[PDB]
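The values are calculated or read from the model by the stated rules, or taken from the named source; none is laboratory data. So basically every Cβ, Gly included, is an ideal-geometry build from the backbone, and we count neighbours across all protein chains shown.
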Amino acid sequence: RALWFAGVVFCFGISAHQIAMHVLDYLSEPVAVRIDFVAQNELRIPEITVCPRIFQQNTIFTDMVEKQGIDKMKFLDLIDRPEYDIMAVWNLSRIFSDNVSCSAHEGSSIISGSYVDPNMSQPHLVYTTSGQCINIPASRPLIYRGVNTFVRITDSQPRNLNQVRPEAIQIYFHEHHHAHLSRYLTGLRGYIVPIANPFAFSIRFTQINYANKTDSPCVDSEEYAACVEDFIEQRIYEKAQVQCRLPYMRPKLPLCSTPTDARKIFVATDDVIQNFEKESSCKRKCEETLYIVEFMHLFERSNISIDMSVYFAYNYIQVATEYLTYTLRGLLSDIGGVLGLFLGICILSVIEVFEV
Amino acid sequence: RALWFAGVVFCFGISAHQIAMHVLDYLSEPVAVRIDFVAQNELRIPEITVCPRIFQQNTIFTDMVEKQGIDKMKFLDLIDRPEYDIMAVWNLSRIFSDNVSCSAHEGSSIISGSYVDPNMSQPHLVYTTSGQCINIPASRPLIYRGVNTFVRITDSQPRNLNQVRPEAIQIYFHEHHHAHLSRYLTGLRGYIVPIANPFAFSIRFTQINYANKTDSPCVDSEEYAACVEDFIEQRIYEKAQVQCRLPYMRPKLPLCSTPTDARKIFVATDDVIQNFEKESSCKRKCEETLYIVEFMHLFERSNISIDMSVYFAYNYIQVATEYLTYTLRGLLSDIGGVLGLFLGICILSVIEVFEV
Amino acid sequence: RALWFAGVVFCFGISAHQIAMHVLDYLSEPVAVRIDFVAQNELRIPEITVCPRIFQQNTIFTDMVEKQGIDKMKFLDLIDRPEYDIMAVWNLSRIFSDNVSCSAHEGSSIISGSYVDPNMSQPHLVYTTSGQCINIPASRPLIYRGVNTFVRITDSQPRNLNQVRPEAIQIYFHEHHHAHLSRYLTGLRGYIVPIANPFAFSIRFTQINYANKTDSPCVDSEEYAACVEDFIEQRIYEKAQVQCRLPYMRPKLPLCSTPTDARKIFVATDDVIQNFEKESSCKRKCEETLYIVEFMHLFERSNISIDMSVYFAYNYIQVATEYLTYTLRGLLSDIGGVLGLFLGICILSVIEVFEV
């Protein structure tokens, strides 16, 4: 009976190996991606940060610093003079007046006309590494009534001919409550547009709903934003080796009073915002919206200085949803199948063996 | 033997529960989406409806009604005068003459030159809520030979300087035989372009082949179009509480002779076309083509009044096909697996039990 | 016992059919597509071929041939004159001087400024069916630092006013080492742009990683390129029935000395490049990158003759990966399940039967 026992042990070994592999596969939680094209009646506007060009590319700030006798690429030296402070050095980069309106034109009606909703999340002041910027929270989702839906950022500043006036701005569309993106990466990930002519963008939406797993955990939008903001600030402070902050930093430490400290912080933040995408520690989000930006063309030319439009005309959002493809039912079915192939013992056999 | 019987009944219960869940899963027909990027040698042109701006935004119609002493936003009062009829009130919005050509430039040949096919589904007259419009059926699929493939809608109307001439039109790309889209939603879902300069669009194709299931049934394109058109017409008639029709309606009832009836129908159709997307009853289609519209730029400037181009330069259509992921073979395999785990009885055991 | 034996044979038949179908399904290797949106820190630039317009659409070449007394559409007759050769007839179509630079602007730094890398794969000379063209190999992947990443092809040729100067060129973005695409299909699949104004494109990336299967085998990029190039050349030679080559052909046979041979080769290559997509024999690649081309707008206007830009501002590449969904473990589990349903015999029963 030696051969029969050898066959029995071989069958037990193969069955044990197969059940172990099945259980490991279930534990790994394999996932599959379902791609849908969902048409919504209300689009979630991305948060918009409109900055001036970076300090070096900015024309007004560069002209001011040259007028003060200090060449660009080293503007931070302005902090040395008692009449200039970092807050003032960064308020000099302001490009939008107090008359900044963010209208929301949601389609049109064949009987009444076009809907205009000027009371749409009026822009507020933010401090970016590019200077002083305008942030536009997405207070409510825009009702999509047609390809005429858009958001119009318009500033009618008294653009007199006495002084040189801006030739470009940097507009960045990002997640709703990502303070780090608005205050650090607008200068890098913001599309440059001229204000001389009324511009118009177009936004398509690719939503990605990842899956929360043991090896790829999730964090809500707030958790991810807080994680990345804290990581960026702590990394900047570690790199700069200084107790400081700059207008683009949370009120944690006091502003620098000397150019050296500010320049060290600036270099540190440059390196961080450059290399933080891969070296960040906190986990990804599983509600990740991508705003594909195309370039519309405007037939209507307005006389407002900084007329700007962003059109949301495509309501078919591409939703990529990740779902678990292996369940407990499937694992039990596969285990029972392998048993019926190799061992051929149900739980009744186990009960009989245990009793005896 | 009480404990053994308790174990037997517990095993039977768990096996019954698992088989019931497996059968329910199979009955629900779970589906999976396969995303392909298919390159075709012949592109299916979308149907194009070119309208004037909506009656209020239209400049020629507004100027005419003001010349007649009636301000816009209430133009329907024109029906009161015996010399004006609704058909005439809507023929006043015509913007394209009888000389409207729809050429089809399908790539080019390095030896012969560019292929021009002027005999491509010449535009015909349609009546939209925007007025009198030009509809261009897709008679045949355009042969894709390169990024130079496009369809050119050109009208050389005698645009004399005596009278104000149009500054914009509304072009809507939609499914092939969707009369409701052409005659109701062009004013809402149609991109506005100026005729002063030769325009050019660009169309990318996202085909979605859904699956016909018990809980998500299908209907052919004709069935869906007929359903939605009948629903829109019936809902407009229910809302307006009047026996009427307007040029943008099928020849079912006669045209109104009084402004009140026409205005009631107009309000009803506005509300319908606004809210019919979600409250429609008939089932969706599972051959659903999406036309992503980008904005090309034309280096060549022509002297024709309403020169217009639509380029189909990307032949990689994104096909999202939905297929059933659970089959009868799989269900039987899973049921047998759970039996081999818990019960360990094949059909032979069933035969033996039945005989005894 | 006849009924019992009939039931046994029926169960054996159904089980055999089910196991055969399961094994056939496993052998067919069903596949599933996973769609990811991967954000990279370095983008792989597509290879760029910038040609003049096709010989007929080209203005400089057409003007030259008309000046020589030979009308276009038959320019090959120039070979008849001893003072003209095919190499000279195709060097007459040159549009770019020796001062062609391909700079690579990879984002910008808030402290240092914009990164410019003029030493990025300087363009070299290629011979296309469109004439003499400029090919730009992708030496290295561009580091993506922001939406300001782009590649600038700039030629400052001495564009004097004495002679007519080019009004358009044809720029084609294709796989890295696809010589056939560069030398044959640029005139067909190349976007036409004017040089009078500084142009700017925008490239989005859709990578497709197909699966190598018995019924749909794979070939590396080099293998596919070599296959298709050899197929195109051999098919052209078979069709033209002549021992020749043209500047757009590999140095295999000598150049024609008579117009008839060159014209026959030209017609043959036209037909080939037209119809080779479907009638090609060698297998597809499973690393297939698609370059979706949108149209950017440039706010800055330069004075260089042929200033041209291609922006890579979207780093979220859409990766469609094809993976096998049925494995050996799954097949064994399903086979065991069907056995436990119908037969109820493990391998131990097989051993017992074999011994007895």
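Output the residues belonging to segment C:36-84 that are under 24 Å from the mean Cα position of the chain (by Cα) and of a type in the set (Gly, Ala, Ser).
C:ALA39
Tell me which residues, restricted to segment C:20-36, are under 16 Å from C:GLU322 (Cα atoms) and within 11 Å of another protein chain (Cβ to nearest Cβ).
C:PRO30, C:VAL31, C:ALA32, C:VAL33, C:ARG34, C:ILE35, C:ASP36 - these are the residues of segment C:20-36 that are under 16 Å from C:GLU322 (Cα atoms) and within 11 Å of another protein chain (Cβ to nearest Cβ).
Give me the residue from segment B:62-94 that is in contact with a strand residue (DSSP E or B) (Cβ under 8 Å, 6 or more places away or on another chain) and within 14 Å of chain A (Cβ to nearest Cβ) and, out of that set, surrounded by the fewest Cβ atoms within 10 Å (Cβ to Cβ).
B:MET73
Residues of segment B:104-131 being β-branched (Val, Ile, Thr) and within 14 Å of chain C (Cβ to nearest Cβ), which ones?
The answer is B:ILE110, B:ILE111, B:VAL116.
Among the residues that make up segment A:243-264, is at least one of them in a helix (DSSP H, G or I), under 17 Å from A:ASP80 (Cβ atoms) and of a type in the set (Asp, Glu)?
Scanning segment A:243-264 turns up at least one residue that is in a helix (DSSP H, G or I), under 17 Å from A:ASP80 (Cβ atoms) and of a type in the set (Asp, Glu).
Out of everything in segment C:251-272 that is more than 8 Å from every other protein chain (Cβ to nearest Cβ) and under 30 Å from C:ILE45 (Cβ atoms), what residue ends up being surrounded by the most Cβ atoms within 10 Å (Cβ to Cβ)?
C:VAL272
Step by step: first the residues of segment C:218-242, then only those that are in a loop (DSSP other than H, G, I, E, B) and within 20 Å of the chain's Cα centre (by Cα), then the one that is farthest from C:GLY131 (Cα to Cα). Which residue is that?
C:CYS218
Check A:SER309, A:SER305 and return the single one that is touching a residue at least 60 places away in the same chain (Cβ under 8 Å), over 30 Å from A:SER28 (Cβ atoms) and part of a loop (DSSP other than H, G, I, E, B).
It is A:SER305.
Taking segment C:102-157 on its own, how many of its residues are in contact (Cβ under 8 Å) with a residue 60 or more places away in the chain, assigned to a strand (DSSP E or B) and among the aliphatic types (A, V, I, L, M)?
7
Any residue at all in segment B:302-315 that's of a type in the set (D, E, K, R), at negative phi and surrounded by fewer than 18 Cβ atoms within 10 Å (Cβ to Cβ)?
no
Looking at C:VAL38, C:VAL33, C:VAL9, which is the one that is among the aliphatic types (A, V, I, L, M) and in contact with a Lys or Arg (Cβ under 9 Å, 6 or more places away or on another chain)?
None of the others qualify; the one that does is C:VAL33.
Go through segment C:15-41 and report how many residues are surrounded by fewer than 16 Cβ atoms within 10 Å (Cβ to Cβ) and part of a helix (DSSP H, G or I).
8
Being touching a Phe, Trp or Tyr at 6+ places or on another chain (Cβ under 6 Å), aromatic (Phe, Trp, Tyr), on the phi < 0 side of the Ramachandran plot and not assigned by TED's automatic domain parsing to the domain that holds A:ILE265 is the requirement here; does A:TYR127 meet it?
Yes; evaluated as a whole, the condition is true for this residue.
Kindly list, by first and then second residue, each pair from a residue in segment B:188-208 that is not assigned by TED's automatic domain parsing to the domain that holds B:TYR316 to a residue that is outside any strand (DSSP E or B) and aromatic (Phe, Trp, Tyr), limited to pairs with Cβ atoms under 9 Å and residues at least 6 apart or on different chains.
The qualifying pairs do not exist here.
Looking only at segment A:342-356, count every residue that is free of Cβ contacts under 8 Å to residues at least 24 places away in the same chain and either part of a helix (DSSP H, G or I) or more than 8 Å from chain B (Cβ to nearest Cβ) (or both) and tell me the total.
Residues flagged as free of Cβ contacts under 8 Å to residues at least 24 places away in the same chain and either part of a helix (DSSP H, G or I) or more than 8 Å from chain B (Cβ to nearest Cβ) (or both) within segment A:342-356 amount to 10.
Are any residues in segment A:308-337 at the interface with chain B (Cβ under 8 Å from one of its Cβ atoms) and either more than 30 Å from A:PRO141 (Cα to Cα) or not hydrophobic (A, V, I, L, M, F, W, C) (or both), and if so, which ones?
Correct list: A:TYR314, A:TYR316, A:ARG329, A:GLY330, A:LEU332, A:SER333, A:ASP334, A:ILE335, A:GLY336, A:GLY337.
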